[PDB]
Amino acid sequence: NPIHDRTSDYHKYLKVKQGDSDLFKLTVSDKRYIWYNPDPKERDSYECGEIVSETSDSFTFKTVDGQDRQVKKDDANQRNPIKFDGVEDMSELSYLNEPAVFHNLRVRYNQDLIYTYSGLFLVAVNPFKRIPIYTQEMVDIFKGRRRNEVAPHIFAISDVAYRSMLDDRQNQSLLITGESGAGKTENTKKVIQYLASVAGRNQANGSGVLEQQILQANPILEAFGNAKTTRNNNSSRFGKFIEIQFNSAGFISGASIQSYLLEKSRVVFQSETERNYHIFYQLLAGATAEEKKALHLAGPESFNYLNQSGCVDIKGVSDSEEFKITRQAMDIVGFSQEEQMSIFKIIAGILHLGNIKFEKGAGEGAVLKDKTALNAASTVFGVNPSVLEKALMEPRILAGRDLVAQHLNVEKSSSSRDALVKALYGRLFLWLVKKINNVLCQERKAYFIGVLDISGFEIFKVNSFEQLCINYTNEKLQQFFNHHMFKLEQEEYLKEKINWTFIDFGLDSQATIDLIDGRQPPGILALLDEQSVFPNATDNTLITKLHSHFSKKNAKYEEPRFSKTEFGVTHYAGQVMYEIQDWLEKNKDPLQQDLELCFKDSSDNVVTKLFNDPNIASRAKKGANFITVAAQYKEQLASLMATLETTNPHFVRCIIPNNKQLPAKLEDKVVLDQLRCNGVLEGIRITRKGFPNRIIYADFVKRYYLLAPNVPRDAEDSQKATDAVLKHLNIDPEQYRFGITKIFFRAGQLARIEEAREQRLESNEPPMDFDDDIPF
């Protein structure tokens, strides 16, 4: 058995190595230690010290330098006996404090053990290197097992969610949190792989094609939705909720993807060191010379949208190679050969639109002297060059019921051109998801397991509207964890009259959430929207109004003294300064009508569908104004959060080791901040101090059959039939508790103590067969 075979890859890559005789001598020692700060200023840098003596209220130890210090037993972060070092579930630690938790993760990390349980949820520290722990062999390991039977792994928590989906007939969800680069996407891929395995149909015609397409749906989304940012080479620039559908029996019947917040502005601009979306680079370097000449494509350096960051390649990634994988993925999912060609003739078109150079004419209006880029764009898009030109520089609008042609200056024509580009890309991205959904969505499933893979918390030198929406979302997800771990848990105990004194874990980011999406009084997004439909509003009137409402009034808001165009929001993961530039236009997300008219007449099927299809080219309208981006998003997110509330949540906390994307470099300061703001320790405390399991009094006749005074499934008094199979083995009485309608178990009695009554190999058929047929 791989599990019990100390030579298996499983025991080599998922278990803690056997300590040697020298480590044993240290393990059996009587000496005690404490975690302390050598430099009181650097509170996250710890060293180990031996406790040499104690008072009734203090400990005295010895600093690595031989120095001696005294601390109060209450302010002491004691070090757990080393037999705990590497423990797979930290809720089992004797001492639960920051240095102790970080240490255990470190010990496991140093051995390439990136997974560790922290009570009910899983913690994943990004290794930044490959570890052979995701093979089909590994999958077949964890298929069918108890979480406490196998080692910590993303597969394990995946199986658990899967078993719970069946045993309870309830929909589940895998919520994977983490700042940018932490490992959310990578783990998301494993959840799907595992589920498409243990639940897929026998790999065959359709029987193994559905789950094959499900897996190929993501490589597509990645080429168009991911890009290199300063924090992650493969950063997801869009959020994703993936539903894995199962039939009544329990088999995969399909899936659907719901995307959120594509960072459209990236197509036309990238900070020094960033890249545009991967797809642009894969095309230029992976297309045939004929395709290259058919789309008038050159090198990345010959396009404004690709030669501004100073970076066109990623260390260890062959864009030419990835292009093959994307195409190959499009084939499998079901994209026609024409569609694909269209898909690249919009991508190629976008690059050309970027090269259009507008210039100041004789007046203030713009003019296009060199039309090489313009004609090339029109060419591949299949639209009239003359019409697009006029639409770009001279769009028509209404003025008091009068059609008057505009003549935009250089700056404005440039923006309109960018506006067109972003609309094309965003719509194209939406189309792909739609196309992909139709292929995977073809069955009325009953249960589903939702996998959430959002853009993680991020901070850059310059943070704009996009970052606010991203961080607001991560703030909601964190509060979703706070809710289901501390609030809902304690309201249960409350109504359950189990005798619990309320605990305040100090984890609540509702103030910050309100400050952003509040309506009454109005939060940032509200004020933003208000300004967006104000005729005379400007980025200046917006920042001023925001300061007016929150400066020195909201505790999570800050009007900086060093700038007049930024405001700081204090998030769970830290304070972020936001630059207000362009927020109004970004919120309104305008696009000249002429531009759309121009493209509605494209000779290309994909292009026309992006401009004629209501569910893609249309915008929900609020009265005389279109719905803003802030409002649309808030709406979308609230919906998602509404869906998760109807599922049984399984949490996975991804942790980034450092900020350099380097392996074997676990920085304590970087890791502890995350452990604190994620509420990892409070989540462990709530489990050790509480009662997770809670069966109803009625259905309490489940695994409890005659293991006491004879009492089968039946009893006519429930409160009574309950303390009945328990007292036999005289289980500790304050190791559980009785509630108004349920029975709670501390630190999991069902597993800790109940190991004889259940999980036995005796008590079913051996306690009753001694005199089977032979009695005289």
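One-based numbering along the sequence shown.
> What stretch has the higher average Cα B-factor here, 692-700 or 107-115?
Replying inline: Here the higher of the two C-alpha B-factor means belongs to 692-700.
>> Regarding 36-44 and 737-745, which shows the higher C-alpha temperature factor on average in the entry?
In response: According to the entry, 737-745 carries the higher average C-alpha B-factor.
> When you compare the CA B-factors of 570, 230, 203, 77 as listed in the entry, which one comes out on top?
Replying inline: Out of 570, 230, 203, 77, the record gives the largest C-alpha B-factor to 203.
> Of the choices 473, 91, 593, 520, which one's C-alpha carries the largest B-factor in the record?
Replying inline: The record points to 520.
> Which third of the chain holds residue 561 when residues are ordered by C-alpha B factor: lowest, middle or highest?
Replying inline: Bottom third by C-alpha B-factor.
> Compared with the other modelled residues in the chain, in which third is the CA B-factor of residue 11?
Replying inline: Its C-alpha B-factor belongs to the middle third of this chain's values.
> Ranked by Cα temperature factor within the chain, is residue 352 in the lowest third, the middle third or the highest third?
Replying inline: Answer is middle: the recorded C-alpha B-factor places it there.
>> For the chain shown, is the CA B-factor of residue 26 in the lowest, middle or highest third of its modelled residues?
In response: For residue 26, whose C-alpha B-factor we compare with every modelled residue in the chain, the answer is the middle third.
> For residue 422, does the deposited CA B-factor place it in the lowest, middle or highest third of the chain?
Replying inline: Ranked within chain, residue 422 CA B lands in the lowest tercile.
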